[PDB]
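Q: Please work out how this folds:
(2 chains, ligands or ions: 5)
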There are 2 protein chains.
Amino acid sequence: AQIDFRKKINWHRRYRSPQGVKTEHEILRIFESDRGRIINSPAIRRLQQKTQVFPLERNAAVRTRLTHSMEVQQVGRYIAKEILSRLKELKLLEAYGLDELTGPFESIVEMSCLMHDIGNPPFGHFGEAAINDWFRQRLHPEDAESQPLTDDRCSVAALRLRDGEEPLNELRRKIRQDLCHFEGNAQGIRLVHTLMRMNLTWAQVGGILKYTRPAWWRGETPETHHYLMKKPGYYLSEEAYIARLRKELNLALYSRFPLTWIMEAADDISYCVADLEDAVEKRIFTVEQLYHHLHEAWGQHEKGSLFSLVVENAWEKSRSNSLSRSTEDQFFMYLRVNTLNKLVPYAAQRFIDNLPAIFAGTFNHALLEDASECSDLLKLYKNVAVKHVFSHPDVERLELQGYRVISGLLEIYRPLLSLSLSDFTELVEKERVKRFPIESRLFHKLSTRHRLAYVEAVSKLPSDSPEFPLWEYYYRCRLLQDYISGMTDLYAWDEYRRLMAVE
Amino acid sequence: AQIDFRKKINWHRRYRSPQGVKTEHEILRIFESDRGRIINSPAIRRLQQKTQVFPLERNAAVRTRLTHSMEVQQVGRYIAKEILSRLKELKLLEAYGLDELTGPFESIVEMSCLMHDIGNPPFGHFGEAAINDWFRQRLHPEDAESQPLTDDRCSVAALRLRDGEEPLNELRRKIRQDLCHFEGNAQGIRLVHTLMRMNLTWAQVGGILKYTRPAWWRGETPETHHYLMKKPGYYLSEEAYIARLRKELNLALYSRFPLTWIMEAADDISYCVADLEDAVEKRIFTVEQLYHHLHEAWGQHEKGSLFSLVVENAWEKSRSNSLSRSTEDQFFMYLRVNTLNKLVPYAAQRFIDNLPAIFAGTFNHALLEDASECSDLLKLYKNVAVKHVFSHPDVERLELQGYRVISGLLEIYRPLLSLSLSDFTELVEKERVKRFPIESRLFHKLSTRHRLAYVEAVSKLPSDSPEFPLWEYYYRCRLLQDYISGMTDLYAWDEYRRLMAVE
Ligand SMILES: Nc1nc(=O)c2ncn([C@H]3C[C@H](O)[C@@H](CO[P@@](=O)(S)OP(=O)(O)OP(=O)(O)O)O3)c2[nH]1
Ligand SMILES: Nc1nc(=O)c2ncn([C@H]3C[C@H](O)[C@@H](CO[P@@](=O)(S)OP(=O)(O)OP(=O)(O)O)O3)c2[nH]1
Ligand SMILES: [Mg+2]
Ligand SMILES: [Mn+2]
Ligand SMILES: [Mn+2]
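A: Numbers count the residues shown, from 1 in each chain, chains lettered A, B, ... in the order given. Ligands and ions are numbered 1, 2, ... in the order given. Shown next is the structure:
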């Protein structure tokens, strides 16, 4: 194509948008406003109580979702800074419309780095697991694939595929697949837009759209977009938002925002090393024990290896003249540094090298893919952590616990989803209903933000339409998932216990 | 010549320093390395468990020292960005040597903003309280002030003044005043240098030196520097470091680093607004209730000016329309914004206006001088919080609790300070001592980082010297304060309970 970042770095907003002209400084200020909105957001504060690798941890020295997101933000800064430095060295900065958008470029990366994870549920993957597994038993999306049933097994009478040829059956398929396909990424878009009503710039929202697969997607993903459509990137409830976002950022269907690959790279780069640091701190293994696990896990290599210049290098450096520090602290400092100094430049280069496809958002790979020795180093760290950190019984037990907690909470609120459309809308209208004490009482438990979202969405539906009862139930289930995913590891754990009368 | 920021923004280090020439990019990378060191520092991670206004808070929506420090960092960024923008308008950027140091200028501010609370003890003005009160009743610095004296209440036989006269008594005075003058700011310098061995750039360290008063200062004086010397800025244990730092940053005795004023301004601006937001969240009062409390200090002598421009503007903007925006959330959003838009420019201008004195580090005021209507707005927020947030029984209760906890821990470890020099050094040598089981076990409880610091310091002392026993006791007390101040609110609370055999 013709790479013009002015066409992608969009400073307009969905609501009460800044309009027309705006100087270099004026545009900077717009993006700086987004930083303030995001940093002061309770959604980001909530991260210091959301788990990363070690659940419900009471050691501050261990990373939370917030401290991790903060570290990712620095890797993202370094990558963005290096992309711009090279583009300036290639003279291509002015040529790519970036000469006046240097600051926004950097800031967008840094902020979408802090905001990846914003939509993650209480017990991470076990939160995703519990939510989807609970919904999957309720409405079976398995049965919605063909045209009849003859059973369907979907408990929801409205959502069963009657029968009895209907184009309305397509909505049922979409709704059933979408509700069983909760993803932190998809929930993130829902969160920043529909639920938090942060009025971020279009460019800032494009940065947190990591995947391009619609949650309701049922088939095999297109060969050309297999990677970008890896996981669901957005829900049915956002289809319209995503559609305006696509227009506002000049994105093709299922195409990604150009700055996302920067953020994505920064994410992989920082959790790997970090997770091993935390394991040593928890006392899962010693720094010497870790070094031996890494040496095992590596190809061999060793002759003309990256292992030598990175992990071996950090190991030797941390043995002596580490007397001016401490063996383990010194090791991780060098390991981080060496990894960054080799991977950040590669990522930066990779971005610039494949910039036409990346810009188009059609590029079907990550910045640090298979074929590179660089990519292999990252895989090494991941493999060691999988085999020796994640496999730890105390970690695994909390994962099992988390799953029980989330599943339990879903079952606790189940009666709200069990109510009839008329009875539920009666509960929505007259806040407290006489014949439904328990139901009204929970309904009140749901965060006002989440409840308004339901009201707002359902209000926009045409009541007369035969689609209406199906849409209402979709949004009612969405409301519930929003509440649950919204909670911290700790709040979910407490709420579950308080509502079981075991506290 | 005169204002030359090249002479203040020092990229050199204490240990293994980068040397000679360096590219604008190369220097950027040096300061970016500091970001990485600070962000990945466990000392910063520990902040997500240290308290800000509401102690041991179980709601993630309430700020911790880390989330607040993060917010200060953004205000600092905006102030830094505005100072540079205006200097660029004025054409003074090239003239002040800043043309090539734009990034470091901003980064140094941002980082010293994030690190501003690094040295704060658990609880934490109550930690300072408990630490100083505990030490004051052990070694009364009260009696050391005057000529010796004769019956000084100092329990420490060594540190007791003569009856009698000597110049070694001056060391006793210095040691007794210093140990009773713990201050988070002074502990921060100790932390980044002696304890964490971060090896930041000289400029980066100068940024966290908020006060220029030596902890041991006994003098009532000295007008000209009465503001800069408000609180202790460094301990006796870092007198030498501070001396090298003074040389490296071309600072006069008791003169401050030019960028500190920026960081300082951001911290005040941020805390006032955030604490009122948190109070509303903690349901201490409603947003309506808050508006009425503010509509008191006003002052309606204006009658339609700054209060009407900021807080009345935020109040009116919060009423009606919203668009899934809760009146509570949108009010604080506008209050913050309006405050920033009026105070950040003032601070930025104040800095530029008094730049000669601020550069020299002789400027005896903060950027928000009491005289300004701007300064008054900040006082309004503070006053509302003082008489309606900080006065809350639950807050006050935790404060009382915190004080008992810290005092308790100090009394728990008291036997280590009770040991003779020979016995304590025997304990330091043969890690385990048979004749001292409790003392042995307690010594082991102390952080290895902290323990090494004692060893390293005492090793450097000349054993033959009559100063040696006094210096050893100073470093022994320092070691203890290091341990205690090092803990989070939670760790201190747990440790106290575990060591009371009540857990
Ligand atoms: N405890 C634990 N058990 C596990 O089995 C496990 N697997 C991974 N991790 C943690 C360690 C890391 O902190 C974290 C990264 O999360 P993610 O899997 S969301 O990674 P992305 O790059 O975001 O892929 P995506 O597109 O899906 O977002 O996974 C785990 N932690
Ligand atoms: N609950 C409570 N009770 C109190 O009595 C109190 N007093 C203040 N605060 C809290 C509210 C604020 O969030 C916090 C500010 O801390 P600070 O700024 S004082 O610390 P430094 O970095 O040393 O700068 P400086 O020394 O010049 O003040 O104090 C309090 N909080
Ligand atoms: Mg202050
Ligand atoms: Mn991540
Ligand atoms: Mn503060």
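Q: Going along the chain, name the strands of chain A.
A: Under the criterion DSSP state E, chain A carries strands at the ranges A:213-214, A:232-234.
Q: okay if I get those strands as a markdown table plus mean neighbour count and distance to ligand 2?
A: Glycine gets a C-beta too; all of them are placed from N, C-alpha and C. Output for the strands of chain A, formatted as a markdown table (neighbours: other C-beta atoms under 10 Å in any protein chain shown; distance: least, C-beta to the nearest ligand atom, whole Å):
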| stretch | mean neighbour count | distance to ligand 2 |
| --- | --- | --- |
| strand A:213-214 | 22 | 44 |
| strand A:232-234 | 24 | 39 |
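Q: so can I have a markdown table of the ones you listed showing distance to ligand 3?
A: Converted to a markdown table, the strands of chain A look like this (distance: least, C-beta to the ion, whole Å):
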| stretch | distance to ligand 3 |
| --- | --- |
| strand A:213-214 | 48 |
| strand A:232-234 | 43 |
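Q: can you tell me which of the ones you listed comes nearest to residue A:26?
A: Ranking those by proximity to residue A:26 (C-beta to C-beta) places strand A:232-234 first, at 30.5 Å.
Q: count of neighbours near residue A:100?
A: Residue A:100 has 16 neighbouring residues, counting by other C-beta atoms under 10 Å in any protein chain shown.
Q: and if you look at residue A:304?
A: Per other C-beta under 10 Å, the neighbour tally for residue A:304 reads 8.
Q: where's it relative to residue A:373, distance?
A: Distance of residue A:304 to residue A:373, given as C-beta to C-beta, to the nearest Å: 9 Å.
Q: Now the stretch 1-150 of chain A against ligand 3: closest residue?
A: Residue of the stretch 1-150 of chain A nearest ligand 3, by C-beta to the ion: residue A:40 (18.3 Å).
Q: pretty sure that residue contacts residue B:71?
A: Yes - taking C-beta atoms under 8 Å as the definition, residue A:40 is a contact partner of residue B:71 at 6.2 Å.
Q: Looking at those two, which has the bigger crowd around it?
A: More crowded of residue A:40 and residue B:71, by other C-beta under 10 Å: residue B:71, with 25 against 21.
Q: Which residues lie in contact with the more buried one in this structure?
A: By C-beta atoms under 8 Å, 6 or more residues apart in numbering or on different chains, residue B:71 lies in contact with A:39-40, B:63, B:270, B:274.
Q: do residue A:182 as well
A: Applying C-beta under 8 Å, 6+ apart, the residues near residue A:182 are A:121, A:128, A:131-132, A:135, A:215, A:481, A:485.
Q: quick revisit: could you dump the contacts of residue B:71 into JSON lines with distance to residue B:100 added?
A: Shown next, in JSON lines, are the contacts of residue B:71 (distance: C-beta to C-beta, whole Å):
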{"residue": "A:39", "distance to residue B:100": "29"}
{"residue": "A:40", "distance to residue B:100": "33"}
{"residue": "B:63", "distance to residue B:100": "36"}
{"residue": "B:270", "distance to residue B:100": "30"}
{"residue": "B:274", "distance to residue B:100": "35"}
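Q: out of the residues you listed, which is most surrounded?
A: Result: residue B:63 is most packed of those (other C-beta under 10 Å), 27 neighbours.
Q: If we ignore the residues flanking it in sequence, what's nearest that residue?
A: In this structure, residue B:63 finds its nearest non-sequential neighbour in residue B:52, 5.0 Å apart by C-beta to C-beta, 6 or more residues apart in numbering or on different chains.
Q: surely the one you found meets residue B:68?
A: Yes - if you go by C-beta under 8 Å, residue B:52 and residue B:68 touch, sitting 4.6 Å apart.
Q: Just give me the residue closest to the centre of chain A.
A: By C-alpha atoms, centre = their mean, the mean C-alpha position of chain A lies nearest to residue A:185, the distance being 3.2 Å.
Q: and chain A, what are its domains?
A: Under curated CATH domains, the residue ranges defining each domain of chain A are A:1-120+A:181-256, A:121-180+A:390-503, A:257-389.
Q: mind checking how far the nearest residue in space to residue A:160 that is not next to it in sequence is from residue A:140?
A: Counting by C-beta to C-beta, 6+ apart, the nearest residue to residue A:160 once its immediate chain neighbours are dropped is residue A:152, at 4.6 Å. Using C-beta to C-beta, residue A:152 is found at 7 Å from residue A:140.
Q: who touches the closest residue to residue A:183 other than its chain neighbours in this structure?
A: Distances taken as C-beta to C-beta, 6+ apart put residue A:232 closest to residue A:183, at 4.5 Å, once the chain neighbours are dropped. With contacts defined as C-beta under 8 Å, 6+ apart, residue A:232 is in contact with A:181, A:183, A:185-186, A:211, A:213-215, A:217.
Q: sorry, back to before: which of the contacts of residue A:182 come close to chain B?
A: On the criterion C-beta under 8 Å from any C-beta of the partner chain, none of the entries of the contacts of residue A:182 sits beside chain B.
Q: related to what we said a few turns ago, need the strands of chain A in a markdown table (columns: distance to ligand 1).
A: Formatted as a markdown table, those follow (distance: least, C-beta to the nearest ligand atom, whole Å):
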| stretch | distance to ligand 1 |
| --- | --- |
| strand A:213-214 | 11 |
| strand A:232-234 | 9 |
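Q: Save those strands as JSON lines, and put in distance to residue A:197 too.
A: Shown next, in JSON lines, are these (distance: least, C-beta to C-beta, whole Å):
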{"stretch": "strand A:213-214", "distance to residue A:197": "23"}
{"stretch": "strand A:232-234", "distance to residue A:197": "17"}
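Q: and the spatially closest residue to residue A:306 that is not a sequence neighbour, how many residues sit next to it?
A: Leaving aside its chain neighbours, residue A:306 sits nearest to residue A:373 (4.8 Å; criterion: C-beta to C-beta, 6+ apart). For residue A:373, the count of nearby residues is 14 (other C-beta under 10 Å).
Q: surely residue A:327 meets residue A:320?
A: No - contact criterion C-beta under 8 Å: residue A:327 and residue A:320 do not qualify, at 9.5 Å.
Q: Settle it for me: which of these two has more neighbours?
A: Set residue A:327 next to residue A:320 and count neighbours by other C-beta under 10 Å: residue A:327 wins out with 15 against 10.
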